[PDB]
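Input: a single structure, listed below in structure tokens.
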Amino acid sequence: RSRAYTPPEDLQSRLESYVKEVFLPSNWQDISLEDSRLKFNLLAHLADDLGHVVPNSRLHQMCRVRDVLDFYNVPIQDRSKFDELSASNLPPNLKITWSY
Amino acid sequence: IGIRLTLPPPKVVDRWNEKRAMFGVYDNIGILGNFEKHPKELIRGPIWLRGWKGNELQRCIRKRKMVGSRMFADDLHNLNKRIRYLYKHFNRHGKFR
Amino acid sequence: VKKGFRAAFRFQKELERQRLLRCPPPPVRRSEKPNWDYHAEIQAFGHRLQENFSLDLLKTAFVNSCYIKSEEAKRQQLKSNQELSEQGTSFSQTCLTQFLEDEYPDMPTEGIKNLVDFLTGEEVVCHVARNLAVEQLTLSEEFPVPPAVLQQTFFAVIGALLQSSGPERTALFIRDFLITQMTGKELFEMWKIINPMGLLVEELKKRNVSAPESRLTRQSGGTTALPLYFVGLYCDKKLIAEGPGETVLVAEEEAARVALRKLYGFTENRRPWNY
Amino acid sequence: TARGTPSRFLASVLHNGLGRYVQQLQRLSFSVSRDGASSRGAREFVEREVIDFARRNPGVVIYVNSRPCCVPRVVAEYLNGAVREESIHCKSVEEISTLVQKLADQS
Amino acid sequence: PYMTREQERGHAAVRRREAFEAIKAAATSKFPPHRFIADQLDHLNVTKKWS
Numbered sequence: 056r057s058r059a060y061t062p063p064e065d066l067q068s069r070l071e072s073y074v075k076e077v078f082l083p084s085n086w087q088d089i090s091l092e093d094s095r096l097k098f099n100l101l102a103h104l105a106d107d108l109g110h111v112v113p114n115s116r117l118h119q120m121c122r123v124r125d126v127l128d129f130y131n132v133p134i135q136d137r138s139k140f141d142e143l144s145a146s147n148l149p150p151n152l153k154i155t156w157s158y
Numbered sequence: 032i033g034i035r036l037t038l039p040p041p042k043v044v045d046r047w048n049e050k051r052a053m054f055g056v057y058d059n060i061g062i063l064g065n066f067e068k069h070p071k072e073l074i075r076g077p078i079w080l081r082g083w084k085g086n087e088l089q090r091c092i093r094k095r096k097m098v099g100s101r102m103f104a105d106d107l108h109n110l111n112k113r114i115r116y117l118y119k120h121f122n123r124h125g126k127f128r
Numbered sequence: 031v032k033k034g035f036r037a038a039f040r041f042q043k044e045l046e047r048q049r050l051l052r053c054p055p056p057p058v059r060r061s062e063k064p065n066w067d068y069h070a071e072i073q074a075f076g077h078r079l080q081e082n083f084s085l086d087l088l089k090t091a092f093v094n095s096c097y098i099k100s101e102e103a104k105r106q107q119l120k121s122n123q124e125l126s127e128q129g130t131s132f133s134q135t136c137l138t139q140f141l142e143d144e145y146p147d148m149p150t151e152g153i154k155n156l157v158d159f160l161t162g163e164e165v166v167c168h169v170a171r172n173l174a175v176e177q178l179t180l181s182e183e184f185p186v187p188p189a190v191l192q193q194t195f196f197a198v199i200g201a202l203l204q205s206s207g208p209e210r211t212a213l214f215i216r217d218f219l220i221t222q223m224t225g226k227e228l229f230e231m232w233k234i235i236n237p238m239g240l241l242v243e244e245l246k247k248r249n250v251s252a253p254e255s256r257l258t259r260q261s262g263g264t265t266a267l268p269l270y271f272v273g274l275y276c277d278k279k280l281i282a283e284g285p286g287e288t289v290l291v292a293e294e295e296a297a298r299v300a301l302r303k304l305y306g307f308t309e310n311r312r313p314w315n316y
Numbered sequence: 002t003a004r005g006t007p008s009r010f011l012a013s014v015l016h017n018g019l020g021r022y023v024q025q026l027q028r029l030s031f032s033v034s035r036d037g038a039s040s041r042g043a044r045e046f047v048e049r050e051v052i053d054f055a056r057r058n059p060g061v062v063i064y065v066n067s068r069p070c071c072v073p074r075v076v077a078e079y080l081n082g083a084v085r086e087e088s089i090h091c092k093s094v095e096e097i098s099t100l101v102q103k104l105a106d107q108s
Numbered sequence: 052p053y054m055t056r057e058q059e060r061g062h063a064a065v066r067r068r069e070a071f072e073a074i075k076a077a078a079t080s081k082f083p084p085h086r087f088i089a090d091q092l093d094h095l096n097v098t099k100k101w102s
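Same order as they appear, the protein sequences are chains h, i, c, b and o.
Taking the deposited numbering, I'd label the letters of the first sequence as residues 56 to 78, 82 to 158.
So in the deposited numbering, spot 20 of the second sequence is number 51, and the numbers just go up one at a time.
Taking the deposited numbering, I'd label the letters of the third sequence as residues 31 to 107, 119 to 316.
So in the deposited numbering, spot 3 of the fourth sequence is number 4, and the numbers just go up one at a time.
So in the deposited numbering, spot 5 of the fifth sequence is number 56, and the numbers just go up one at a time.
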């Protein structure tokens, strides 16, 4: 499978719905997930629906649900620098070839 | 003339052999093995420097007094000569004294 | 064997350097070496010279006859160039003649036409074209392209410039490239004549003045094998030129060349061309 | 030393200041290695600087090869046929920028 | 000369004292330079790639 991921807007609403299944108290974006079981449940649901699972080195930075929302609102350009240089609409006098 | 005219055959080094894929396995047998062993007693080689370091003179003294009764005659004479010379040098020659 | 690998590779590169300085390869068209895409190079040629061609015209300006015929022949296993080139050479001769008539008023039409066909001659046009990278883009059948196809292509480029962006811009183009080539070049190195004193008397009679009388101004070392004679032409007690030589006859001839320059307003002290 | 090497007289290409000025460099040819340390300083020059150099004087056609080699180099082809080869192995950003500007600013 | 010796006495004392104090601060100020994490972790990119 592929890495590429771009944040759906409805994701916002999606998050709340998932939180509802595993938590009723408002100010919901500031729920604290230090209870490990609930954190696992929420993150697994988001991963299996949106096809993007949090990295190990970022799983401790996010202790509040606001941080889950913040992390899921960043895109990932899963392309080598070849594709981005090509897509940068180079001027007329520049040609790049890549032998792969 | 001090240069060749044909490239040597390109050596193939298998960087993922056995003896390269384990270099250091059990090199921490103490800090996480209840200290039963010591890495000293993992290193193969001569009986007189399994886990020991010294200069040439000390090394040859150790070779003498630890295996210098099983070593062939001419080698032993060379060794005693070497001790005599390195003694003279280390103890009477040099800039610093 | 010394164990190692660096010196072997440095030596291989040195030997290939020597072997490619000894037996250089047969020169091949720059459109068969690596790093070549035609469209980008044409557009860069346009931008280099500070003009904005019509890309279709500038593409048609390099499609010589020879390449078209050769490709047609190979197709057993496209517009032409003559039009743009003919328009270009027509405009080139007209505008060069107009320029030189404006700057130099006192020259006959034979000298002006000689200077025109020099500045559109094969050698000078080829020089400018080679040092404008035209033959790299030129399509032909034999590389290096012969001076003929090369001249035709350069004037085809000027023709496309005309038909794209106007006589005035094309005039400044010709001014910037062709007319510059007569800088430093003295007159009679461009206008190859013989027997100068004849043309001198012809011109002075056309101005209703006597045939000029020649005398000896300065003389040093008359007998030896390295003499210097100064011959001065005169026009009834007034002097119109003098010249040095190693014979009184060559001195006469070159004083004639000097006077002929002075009358035609083409001396070395002339006001430089105003760019 | 002067005697042991050639010489010349001061010269332009085509009297290159009278009518106008034409940039003498037609072409630059960068060769870089996608995965190789020696080309590191060159690699970023294809990411950061080359786009602005390409736009900053448009008469030069810039090619970049991106082969799976281990060595870079830059070929500077000029109007009058001269080819200036330059080596950029084991170099950095600022010195490669200075080199390419120096190539594109001389006959 | 402008000022007899008795007049110049100590007139530029303040300037000399502050200059010597600047010397003393410069002398006393020597110490090893700092050491940042950025240097040690930016040496770690002599193995960049494209992919």
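All residues carry an ideal CB built from backbone N, CA and C; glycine is no exception.
Enclosing beta strand (DSSP E) for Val76 of chain b [first to last residue]: Position 75 of the fourth sequence, counted from the start, is the residue given in the question as residue 76 of chain b. Start and end: 74 to 79.
Starting from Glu283 of chain c and walking both ways along the beta strand (DSSP E), at which residues does that stretch end? On the third sequence, residue 283 of chain c is found 242 positions in, with the first residue counted as 1. For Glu283 of chain c, the enclosing beta strand (DSSP E) covers residues 279 to 286.
Evaluate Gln119 of chain h with the Cβ neighbour count: other Cβ atoms within 10 Å of its Cβ, from every protein chain shown; 16 or more gives buried, anything less gives exposed. Residue numbering aside, residue 119 of chain h sits at position 61 when the first sequence is read from its first letter. The residue is exposed, with fewer than 16 neighbouring Cβ atoms inside 10 Å.
Compute the minimum distance between the beta carbon of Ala145 of chain h and the heavy atoms of the ligand NAP, and state whether it is under 6 Å. This structure simply doesn't include the ligand NAP, nor any ligand for that matter.
Using only CA atoms, which one of c:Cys53, c:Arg49, c:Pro57 lies nearest to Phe184 of chain c? Counted from its first residue, the third sequence places residue 184 of chain c at position 143. Among c:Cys53, c:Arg49, c:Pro57, the Cα nearest to that of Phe184 of chain c belongs to c:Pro57.
Of all the CB atoms in chain c, is at least one closer than 7 Å to the CB of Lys75 of chain h? By one-based count along the first sequence, residue 75 of chain h stands at place 20. Contact of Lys75 of chain h with chain c is not assigned, every C-beta pair being separated by 7 Å or more.
For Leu26 of chain b: DSSP bridge partner residues: Here residue 26 of chain b is taken as the residue at index 25 of the fourth sequence, counted from 1. Beta-bridge pairing links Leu26 of chain b to b:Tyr79.
Counting contacts by CB-CB distance shorter than 7 Å, is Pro113 of chain h in contact with chain b? Within the first sequence, residue 113 of chain h is the residue found at index 55, counting from 1. No, because no Cβ of chain b sits closer than 7 Å to the Cβ of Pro113 of chain h.
Mind checking whether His69 of chain i and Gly76 of chain i have CB atoms under 7 Å apart? If you number the second sequence from 1, residue 69 of chain i lands on position 38. If you number the second sequence from 1, residue 76 of chain i lands on position 45. No, they are not a contact pair.
Out of b:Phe46, b:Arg49, b:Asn58, which one is the CA nearest neighbour of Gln80 of chain c? Numbered from its first residue, the third sequence carries residue 80 of chain c at position 50. That would be b:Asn58, whose Cα lies nearest to the Cα of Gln80 of chain c.
C-alpha distance - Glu230 of chain c paired with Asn66 of chain b, whole-angstrom precision: Position 189 of the third sequence, counting from 1, holds the residue named residue 230 of chain c. Position 65 of the fourth sequence, counting from 1, holds the residue named residue 66 of chain b. C-alpha separation (whole angstroms): 49 Å.
Does the beta-carbon distance from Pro69 of chain b to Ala43 of chain b come in below 7 Å? Taking the first residue of the fourth sequence as position 1, residue 69 of chain b is located at position 68. Taking the first residue of the fourth sequence as position 1, residue 43 of chain b is located at position 42. Cβ distance not < 7 Å, so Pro69 of chain b and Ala43 of chain b don't count as in contact.
Distance CB(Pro208 of chain c)-CB(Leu301 of chain c) smaller than 7 Å: On the third sequence, residue 208 of chain c is found 167 positions in, with the first residue counted as 1. On the third sequence, residue 301 of chain c is found 260 positions in, with the first residue counted as 1. Remark: C-beta atoms of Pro208 of chain c and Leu301 of chain c do not approach each other more closely than 7 Å.
Judging by CA-CA distance, which residue of c:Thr258, c:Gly286, c:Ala201 is the nearest neighbour of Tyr275 of chain c? For the purposes of this step, residue 275 of chain c is taken as the residue at position 234 of the third sequence. Here the closest residue by C-alpha is c:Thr258.
Just checking: is the beta-carbon of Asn151 of chain h within a distance shorter than 7 Å of some beta-carbon in chain c? Here residue 151 of chain h corresponds to residue number 93 of the first sequence, with the count starting at 1. So yes, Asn151 of chain h belongs to the interface.
How would you write the range of the beta strand (DSSP E) that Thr258 of chain c sits in, first residue to last? Within the third sequence, numbered from 1, the residue matching residue 258 of chain c stands at position 217. Element bounds for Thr258 of chain c: 254 to 261.
For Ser144 of chain h, which residues in the same chain have their Cβ closer than 6 Å to its Cβ, ignoring the five residues on either side in sequence? Here residue 144 of chain h refers to the residue found at position 86 of the first sequence. Here the set comprises nothing.
Is DSSP giving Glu86 of chain b helix, strand or coil here? Looking up residue 86 of chain b in the fourth sequence gives position 85. If DSSP states are grouped into helix, strand and coil, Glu86 of chain b belongs with the strands.
In terms of residue numbering, what span does the beta strand (DSSP E) encompassing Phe271 of chain c cover? As a first step, residue 271 of chain c is located in the third sequence; it is residue number 230 there, counting from the start. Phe271 of chain c -> beta strand (DSSP E) spans 269 to 276.
Select from b:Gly82, b:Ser93, b:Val94, b:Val62 the residue whose C-alpha is nearest the C-alpha of residue 118 of chain b. This structure leaves residue 118 of chain b out entirely; chain b is present only between 2 and 108.
I'd like the list of long-range same chain contacts for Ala189 of chain c, defined as Cβ closer than 8 Å, with 5 residues on each side in sequence excluded. Against the third sequence, residue 189 of chain c aligns to sequence position 148. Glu163.
For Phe121 of chain i and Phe54 of chain i, what's the separation of their Cα atoms in angstroms? The residue you call residue 121 of chain i lines up with position 90 of the second sequence. The residue you call residue 54 of chain i lines up with position 23 of the second sequence. Rounded to whole angstroms, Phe121 of chain i and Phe54 of chain i show a C-alpha spacing of 37 Å.
Assign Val65 of chain b to one of three DSSP states: helix, strand, or coil. Residue numbering aside, residue 65 of chain b sits at position 64 when the fourth sequence is read from its first letter. Annotated three-state conformation of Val65 of chain b is strand, per DSSP.
CB-CB length for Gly20 of chain b against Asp217 of chain c, believed under 8 Å: The residue labelled residue 20 of chain b in the question sits at position 19 within the fourth sequence. The residue labelled residue 217 of chain c in the question sits at position 176 within the third sequence. Here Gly20 of chain b really is in contact with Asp217 of chain c; their C-beta atoms are around 3 Å apart, less than 8 Å.
Where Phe71 of chain o falls, given that 16 or more other Cβ within 10 Å makes a residue buried: The sequence position of residue 71 of chain o within the fifth sequence is 20, counting from 1. With fewer than 16 Cβ atoms within 10 Å of its Cβ, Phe71 of chain o is classed as exposed.
Identify every residue that forms a DSSP beta bridge with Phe31 of chain b. Locating residue 31 of chain b in the fourth sequence gives position 30, counting from the first residue. DSSP lists b:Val65, b:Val75 as partners of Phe31 of chain b.
Helix, strand or coil, according to DSSP, for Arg40 of chain c in the structure here? For this step, residue 40 of chain c is matched to residue 10 along the third sequence. If DSSP states are grouped into helix, strand and coil, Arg40 of chain c belongs with the helices.
Are the Cβ atoms of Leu137 of chain c and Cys167 of chain c separated by less than 7 Å? As a first step, residue 137 of chain c is located in the third sequence; it is residue number 96 there, counting from the start. As a first step, residue 167 of chain c is located in the third sequence; it is residue number 126 there, counting from the start. No; because the gap between Cβ atoms is not below 7 Å, this pair is not in contact.
Please classify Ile215 of chain c: is it buried, with 16 or more other beta-carbons within 10 angstroms of its beta-carbon, or exposed? Within the third sequence, numbered from 1, the residue matching residue 215 of chain c stands at position 174. Classification of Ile215 of chain c: buried, given that the 10 Å Cβ count is 16 or more.
Quick check on this structure: which residue in c:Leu228, c:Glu227, c:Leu269, c:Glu283 has the alpha carbon closest to the alpha carbon of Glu254 of chain c? Position 213 of the third sequence, counted from the first residue, corresponds to residue 254 of chain c. The option with the nearest alpha carbon to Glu254 of chain c is c:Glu283.
Measure the Cβ-Cβ separation of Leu202 of chain c and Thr211 of chain c and say whether it is below 7 Å. Stepping through the third sequence from its first residue, residue 202 of chain c is reached at position 161. Stepping through the third sequence from its first residue, residue 211 of chain c is reached at position 170. The answer is yes: Cβ separation under 7 Å.
Below 9 Å on C-beta distance, what does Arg35 of chain i contact in chain A? Considering every chain present, this structure includes no chain A. Its protein chains are h, i, c, b and o.
Let me confirm a value: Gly306 of chain c is counted as buried when at least 16 other C-beta atoms fall within 10 Å, else exposed. Which label applies? Taking the third sequence and counting its residues from 1, one reaches residue 306 of chain c at position 265. When all chains shown are included, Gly306 of chain c counts as exposed.
How close, in whole Å, do the beta carbons of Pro133 of chain h and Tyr60 of chain h come, if the pair is a contact with beta carbons under 8 Å? The residue you call residue 133 of chain h lines up with position 75 of the first sequence. The residue you call residue 60 of chain h lines up with position 5 of the first sequence. With 8 Å as the limit, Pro133 of chain h and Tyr60 of chain h qualify as a contact, their Cβ atoms being about 7 Å apart.
Beta-carbon neighbours of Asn65 of chain c, restricted to chain b and to distances below 8 Å: The sequence position of residue 65 of chain c within the third sequence is 35, counting from 1. Near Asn65 of chain c (Cβ distances below 8 Å), the residues of chain b are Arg28, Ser30, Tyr64, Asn66, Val76.
Contacting positions in the stretch 32 to 44 of chain b - beta carbon closer than 8 Å to chain o: Taking 8 Å as the Cβ-Cβ cut-off against chain o, the residues of the stretch 32 to 44 of chain b that qualify are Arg35, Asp36, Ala38, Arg41, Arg44.
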